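One chain follows as structure tokens, the form deposited in one PDB entry.
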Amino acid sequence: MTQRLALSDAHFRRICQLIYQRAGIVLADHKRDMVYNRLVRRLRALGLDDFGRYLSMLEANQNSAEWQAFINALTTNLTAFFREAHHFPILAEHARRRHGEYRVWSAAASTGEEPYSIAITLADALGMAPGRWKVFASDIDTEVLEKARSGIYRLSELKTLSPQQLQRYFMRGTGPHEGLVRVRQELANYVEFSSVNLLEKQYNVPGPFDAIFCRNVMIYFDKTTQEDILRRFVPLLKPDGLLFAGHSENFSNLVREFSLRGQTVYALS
């Protein structure tokens, strides 16, 4: 029958199926504890006492607002400023040898640390002048995108920024805000945030891009999904554009058309 709020094998498997067809995220049995913990909060928020009740309301109403909250609950958004640091110097030298507006796409922006790390690198290497560069960042998670839009972070989290970067691109909070920092609007102006599901058969993005950052997100997808997205990226890259993967990813594995050109960096042809 049940237990005081219990997740049954049957419900876990339905949840696994539902999240896979909406976000492409492959959940495993060793994550059944995170699932339960992340999801009972949604049950409580709504006043439901049953996962089957919860699951059924979702299935019966495909346009339910709860669908976005269900997705947000199951995504893992761990990120950090200047994560996989070696990528930024590479991005800088590449942009410096190119002309025209340099456009980058952060395909899994999370709370904004990645898209702002890219903006800082480019403002430092290219300068901040209208039409010099632009960053497009997206994510399926509307909650994290909202955090990213605000651009407020904990000062203790910026361990990787030089004092010159802080002085140049952030405002420091004082009084009730002490300990917080806020990306200046002048730099935020060069970053566009939107929601884009990588499972889409067609991306609603302003490309082509000189570079695409797709880090630490493919790891949640299965084999054919990974190859499909990789194939969707190809026509989105400018001639000598770059594709950056996370530390764990190997793209030349699914499509040889991508060649390794540095620490988890790839170029086409």
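Think of the rigid core as the biggest set of C-alphas that the two forms share within 1.5 Å after superposition. In case it trips you up, residue 1 is the first one in the sequence shown, and so on.
Note to self: On mean Cα temperature factor in this entry, is 120 to 128 or 67 to 75 the higher one?
What the structure shows: Of 67 to 75 and 120 to 128, the stretch with the higher C-alpha B-factor average is 120 to 128.
Check: Which has higher Cα B-factors on average according to the PDB entry: 157 to 165 or 135 to 143?
Finding: Stretch with the greater average CA B-factor: 157 to 165.
Margin query: Comparing recorded Cα B-factors across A45, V205, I212, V217, which one is largest?
Written below: Out of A45, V205, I212, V217, the record gives the largest C-alpha B-factor to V205.
Note to self: Quick check for you: using the entry's CA B-factors within this chain, is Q226 in the lowest, middle or highest third?
What the structure shows: Middle third, going by the recorded CA B-factors of the chain.
Notebook entry, point to check: What third of its chain, lowest, middle or highest, does the C-alpha temperature factor of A10 fall into?
Noted result: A10: CA B-factor falls in the highest third of its chain.
Margin query: Lowest, middle or highest third: which one holds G100 when the chain's residues are ordered by CA B-factor from the entry?
Written below: Highest third, going by the recorded CA B-factors of the chain.
Checklist line | Third of chain Cα B-factors occupied by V26 | finding: Within its chain, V26 is a lowest-third residue by C-alpha B-factor, going by the deposited values.
Notebook entry, point to check: Against its chain's modelled residues, does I19's Cα B factor rank lowest, middle or highest third?
Noted result: For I19, whose C-alpha B-factor we compare with every modelled residue in the chain, the answer is the lowest third.
What comes next is about the form deposited in another entry, which does not appear here.
Note to self: Superposing the core, which one of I229, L236, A69, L48 shows a C-alpha shift reaching 2 Å or more between this form and the one not shown?
What the structure shows: It is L48; the other listed residues stay below 2 Å.
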